[PDB]
$ cat structure.cif   # mmCIF, C-alpha atoms and all ligand atoms
data_start
loop_
_atom_site.label_atom_id
_atom_site.label_comp_id
_atom_site.auth_asym_id
_atom_site.auth_seq_id
_atom_site.Cartn_x
_atom_site.Cartn_y
_atom_site.Cartn_z
CA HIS A 8 215.69 211.57 141.61
CA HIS A 9 218.02 211.65 138.53
CA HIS A 10 220.10 208.45 139.33
CA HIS A 11 218.57 206.37 136.41
CA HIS A 12 221.63 207.00 134.10
CA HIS A 13 223.89 204.98 136.55
CA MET A 14 221.71 201.88 135.78
CA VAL A 15 223.71 198.59 135.96
CA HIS A 16 222.59 195.12 134.75
CA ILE A 17 222.50 192.90 137.85
CA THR A 18 222.36 189.07 137.68
CA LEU A 19 222.02 186.64 140.58
CA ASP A 20 224.88 184.33 141.68
CA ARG A 21 223.41 180.72 142.00
CA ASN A 22 226.43 179.62 144.08
CA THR A 23 225.54 182.04 146.94
CA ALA A 24 221.83 181.07 147.05
CA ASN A 25 220.19 179.26 149.93
CA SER A 26 219.55 175.68 148.74
CA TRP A 27 215.71 176.21 148.61
CA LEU A 28 215.88 179.12 146.13
CA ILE A 29 214.99 178.83 142.43
CA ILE A 30 216.84 181.31 140.18
CA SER A 31 215.47 181.77 136.63
CA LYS A 32 217.54 180.78 133.56
CA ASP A 33 218.23 184.51 132.81
CA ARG A 34 219.51 184.94 136.46
CA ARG A 35 217.11 187.94 136.85
CA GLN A 36 214.38 186.35 139.10
CA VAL A 37 214.45 184.37 142.36
CA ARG A 38 211.71 182.72 144.41
CA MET A 39 211.36 180.37 147.41
CA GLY A 40 210.92 176.70 146.47
CA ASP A 41 208.67 174.35 148.49
CA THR A 42 211.72 172.00 149.09
CA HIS A 43 215.57 171.65 148.82
CA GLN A 44 216.49 172.33 145.14
CA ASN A 45 218.93 169.37 144.83
CA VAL A 46 222.21 171.43 144.83
CA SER A 47 225.49 170.56 146.66
CA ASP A 48 226.41 172.59 149.77
CA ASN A 49 229.31 175.11 149.59
CA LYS A 50 230.81 177.73 151.93
CA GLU A 51 229.21 180.64 149.92
CA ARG A 52 225.53 179.56 150.43
CA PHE A 53 223.41 181.44 152.99
CA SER A 54 222.30 178.54 155.29
CA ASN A 55 219.66 180.01 157.66
CA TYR A 56 217.66 182.46 155.47
CA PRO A 57 216.33 182.64 151.86
CA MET A 58 219.17 184.97 150.73
CA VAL A 59 221.23 185.31 147.53
CA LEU A 60 223.83 187.79 146.21
CA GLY A 61 224.23 189.50 142.87
CA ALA A 62 227.27 188.38 140.82
CA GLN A 63 228.53 191.94 140.32
CA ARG A 64 231.12 193.43 142.74
CA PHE A 65 231.44 197.21 143.17
CA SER A 66 234.53 199.00 144.65
CA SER A 67 234.05 202.51 143.06
CA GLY A 68 231.52 204.71 141.23
CA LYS A 69 227.81 205.22 141.23
CA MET A 70 225.41 202.28 140.61
CA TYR A 71 221.58 202.08 140.35
CA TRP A 72 219.20 199.13 139.90
CA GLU A 73 215.47 198.32 140.42
CA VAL A 74 213.74 195.34 142.01
CA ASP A 75 210.08 194.23 141.62
CA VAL A 76 208.45 193.18 144.95
CA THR A 77 204.80 192.90 143.71
CA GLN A 78 202.46 190.93 146.04
CA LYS A 79 205.18 189.93 148.55
CA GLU A 80 204.51 190.05 152.32
CA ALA A 81 208.19 189.90 153.40
CA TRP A 82 211.63 190.63 151.83
CA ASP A 83 214.98 192.36 152.48
CA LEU A 84 216.86 194.38 149.78
CA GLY A 85 220.06 196.37 149.56
CA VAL A 86 223.83 195.85 149.26
CA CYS A 87 226.38 194.04 151.51
CA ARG A 88 230.14 193.53 151.85
CA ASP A 89 231.40 190.53 149.79
CA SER A 90 232.73 189.01 153.07
CA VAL A 91 229.47 188.95 155.12
CA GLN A 92 228.85 185.83 157.25
CA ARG A 93 226.94 183.10 155.28
CA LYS A 94 226.33 180.45 158.04
CA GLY A 95 224.21 180.62 161.19
CA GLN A 96 222.12 183.42 162.69
CA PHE A 97 222.93 187.13 162.26
CA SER A 98 221.15 190.53 162.14
CA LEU A 99 221.14 192.81 159.08
CA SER A 100 223.14 195.88 160.25
CA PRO A 101 225.99 198.05 158.96
CA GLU A 102 228.17 196.61 161.80
CA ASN A 103 227.67 193.14 160.14
CA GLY A 104 228.29 194.51 156.58
CA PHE A 105 224.68 195.11 155.38
CA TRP A 106 222.87 198.28 154.09
CA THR A 107 219.28 197.12 153.67
CA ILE A 108 215.54 197.89 154.07
CA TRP A 109 212.75 195.38 154.53
CA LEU A 110 209.04 194.66 154.64
CA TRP A 111 207.77 192.56 157.56
CA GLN A 112 204.25 192.28 159.08
CA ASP A 113 202.80 195.19 157.11
CA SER A 114 205.60 197.66 158.18
CA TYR A 115 208.75 198.87 156.36
CA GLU A 116 212.03 199.33 158.31
CA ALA A 117 215.67 200.26 157.59
CA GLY A 118 218.32 197.77 158.78
CA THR A 119 220.07 200.11 161.22
CA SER A 120 220.97 198.91 164.76
CA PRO A 121 218.43 199.17 166.18
CA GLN A 122 216.05 199.20 163.16
CA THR A 123 214.44 202.46 161.96
CA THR A 124 210.72 202.88 161.06
CA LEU A 125 210.10 203.96 157.44
CA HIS A 126 207.18 206.25 156.41
CA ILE A 127 205.61 204.87 153.19
CA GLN A 128 202.09 206.08 152.20
CA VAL A 129 202.11 204.21 148.80
CA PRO A 130 203.23 200.54 149.24
CA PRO A 131 205.94 200.03 146.60
CA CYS A 132 205.70 197.45 143.83
CA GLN A 133 209.28 198.34 142.62
CA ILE A 134 212.26 199.65 144.70
CA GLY A 135 215.22 201.62 143.28
CA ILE A 136 218.64 201.18 144.95
CA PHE A 137 221.41 203.76 144.49
CA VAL A 138 225.02 203.27 145.73
CA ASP A 139 227.68 206.04 145.68
CA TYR A 140 230.84 204.18 146.71
CA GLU A 141 233.12 207.23 147.14
CA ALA A 142 230.50 209.28 149.03
CA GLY A 143 229.54 206.36 151.36
CA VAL A 144 225.80 206.52 150.45
CA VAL A 145 223.11 203.88 149.90
CA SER A 146 219.63 205.25 149.01
CA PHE A 147 216.27 203.58 148.39
CA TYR A 148 213.45 204.98 146.20
CA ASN A 149 209.73 204.18 145.81
CA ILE A 150 209.32 203.70 141.98
CA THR A 151 205.48 203.25 142.40
CA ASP A 152 205.35 206.79 144.03
CA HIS A 153 207.22 208.73 141.25
CA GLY A 154 210.64 207.85 142.73
CA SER A 155 210.09 209.33 146.21
CA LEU A 156 212.91 208.79 148.77
CA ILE A 157 212.43 205.92 151.22
CA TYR A 158 215.75 206.00 153.15
CA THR A 159 219.41 207.16 152.92
CA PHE A 160 222.29 205.48 154.74
CA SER A 161 225.09 208.07 154.84
CA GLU A 162 228.63 207.98 156.34
CA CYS A 163 228.73 204.32 155.24
CA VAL A 164 231.96 202.41 156.00
CA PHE A 165 231.77 199.73 153.24
CA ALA A 166 235.28 198.36 154.15
CA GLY A 167 235.34 196.05 151.07
CA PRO A 168 233.78 195.31 147.70
CA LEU A 169 229.95 195.49 147.69
CA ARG A 170 227.45 193.00 146.24
CA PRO A 171 223.71 193.42 145.56
CA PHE A 172 221.80 191.63 148.38
CA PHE A 173 218.35 189.89 148.29
CA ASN A 174 216.12 187.99 150.73
CA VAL A 175 212.87 186.58 149.23
CA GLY A 176 211.61 185.79 152.80
CA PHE A 177 209.99 182.66 154.20
CA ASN A 178 206.56 181.54 153.05
CA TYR A 179 205.02 180.15 156.27
CA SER A 180 201.74 182.08 155.46
CA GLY A 181 201.28 180.81 151.87
CA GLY A 182 201.01 184.53 150.89
CA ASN A 183 204.75 185.19 150.17
CA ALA A 184 205.55 182.84 147.21
CA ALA A 185 205.97 185.65 144.64
CA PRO A 186 209.50 186.24 143.26
CA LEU A 187 211.93 189.15 143.48
CA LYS A 188 212.64 190.29 139.90
CA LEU A 189 215.38 192.56 138.55
CA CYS A 190 213.51 195.07 136.32
CA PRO A 191 214.74 195.97 132.83
CA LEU A 192 216.70 199.20 132.16
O1 LIG B 201 228.46 201.78 157.68
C1 LIG B 201 228.01 202.23 158.74
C2 LIG B 201 226.76 202.99 158.66
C3 LIG B 201 226.20 203.72 157.67
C4 LIG B 201 224.98 204.25 158.16
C5 LIG B 201 224.85 203.78 159.43
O2 LIG B 201 225.94 203.02 159.76
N1 LIG B 201 228.65 201.94 159.90
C6 LIG B 201 228.32 202.50 161.22
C7 LIG B 201 228.14 201.39 162.23
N2 LIG B 201 229.37 200.60 162.31
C8 LIG B 201 230.07 200.50 163.47
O3 LIG B 201 229.75 201.21 164.42
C9 LIG B 201 231.18 199.55 163.61
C10 LIG B 201 231.10 198.50 164.67
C11 LIG B 201 232.04 199.63 164.83
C12 LIG B 201 229.69 199.98 161.02
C13 LIG B 201 229.79 201.02 159.92
#
$ encode --input "structure.cif" --output "structure tokens"
Amino acid sequence: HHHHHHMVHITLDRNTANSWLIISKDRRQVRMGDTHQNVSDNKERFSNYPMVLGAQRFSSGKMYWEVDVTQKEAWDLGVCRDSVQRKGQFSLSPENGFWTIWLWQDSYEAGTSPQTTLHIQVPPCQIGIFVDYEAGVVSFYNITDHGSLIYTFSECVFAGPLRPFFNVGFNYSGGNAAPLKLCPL
């Protein structure tokens, strides 16, 4: 792909984070803590899952960023509507305002309803995410495999400003403590 020139500098929004997440001082890394991180509750925080939003809001244009997922067993990545539900249980779907892929139990899937199996021969250590607001496209790329396409959501109905979306996943196994990291331009 040739989307690299639309690179944007993404930072994480502490105020949206689940209360167990630890965001680095530079706001470029997030990981699961082993306990509540001693923050006050607010209506923006994801309550049920280890999720956080980027600070940036997109309502036009073409945007590209990269995320490091090295050594993780479980995660979700993509983009969501600023007004997604924060509290309680919900599925990741375009009907609920999410355009995402994930790793879970050694398989990769796109967050369609119902979910779609992905075909990845080279497990990615870094994921590229491309958004074309006007075209209604969200695409995912395997940076470890020379940028190969993972998945394209097309005919997207964003219906609002978009925010970068992250889930570091639970760490019930003791094998999923590693962070998500926003990779340098
Ligand atoms: O954004 C998308 C989309 C892009 C790719 C796949 O779906 N959609 C379609 C599914 N949706 C609905 O059907 C709405 C409940 C009516 C929500 C918008």
$ residues_near_ligand --input "structure.cif" --ligand "ligand LIG 201 (chain B)" --cutoff "7 Å" --atoms "only C-alpha atoms and all ligand atoms" --output "list in words"
residues 101, 102, 119, 160, 161, 162, 163, 164 and 165 of chain A
$ closest_residue --input "structure.cif" --among "A:89, A:80, A:141, A:20" --to "residue 112 (chain A)" --atoms "all atoms listed in the file"
A:80
$ atom_distance --input "structure.cif" --atom1 "CA of residue 37 (chain A)" --atom2 "CA of residue 58 (chain A)"
9.6 Å
$ axis_aligned_box --input "structure.cif" --around "region 166-174 of chain A" --padding-each-side "6 Å" --output "AutoDock Vina command-line options"
--center_x 225.7 --center_y 193.2 --center_z 149.9 --size_x 31.2 --size_y 22.4 --size_z 20.6
$ closest_residue --input "structure.cif" --among "A:153, A:79, A:170, A:94" --to "residue 60 (chain A)" --atoms "only C-alpha atoms"
A:170
$ residues_around --input "structure.cif" --residues "residue 42 (chain A)" --least-positions-apart "6" --cutoff "12 Å" --atoms "all atoms listed in the file" --output "list in words"
residues 25, 26, 27, 28, 29, 57, 177 and 178 of chain A
$ closest_residue --input "structure.cif" --among "A:166, A:59, A:44, A:84" --to "residue 104 (chain A)" --atoms "all atoms listed in the file"
A:166
